[PDB]
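A.B. asks:
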Amino acid sequence: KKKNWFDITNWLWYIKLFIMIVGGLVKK
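Set out below in structure tokens:
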């Protein structure tokens, strides 16, 4: 609709955060 590639970078960060959260919660 009104979105661009410049806003898709925010969605990429959402999955990137899961790697940080599990990367520290898998070893705990």
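Residue 25 in the entry's author numbering sits at position 25 of the sequence shown, with consecutive numbering throughout. From the three backbone atoms N, C-alpha and C, an ideal C-beta is built for every residue, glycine too.
Residue 8 to residue 18, Cα distance in whole Å?
C.D. replies: The residue given as residue 8 occupies position 8 in the sequence shown. The residue given as residue 18 occupies position 18 in the sequence shown. Going by the C-alpha atoms only, they are around 17 Å apart.
A.B. asks: Taking just the CA atoms, how far does residue 6 sit from residue 23?
C.D. replies: Within the sequence shown, the letter at position 23 stands for residue 23. Within the sequence shown, the letter at position 6 stands for residue 6. Their backbone Cα atoms lie some 27 Å apart in a straight line.
A.B. asks: Going by DSSP, what residue range makes up the alpha helix (DSSP H) through residue 16?
C.D. replies: Numbered from its first residue, the sequence shown carries residue 16 at position 16. Taken as a continuous stretch (DSSP letters only), the alpha helix (DSSP H) holding residue 16 covers 5-25.
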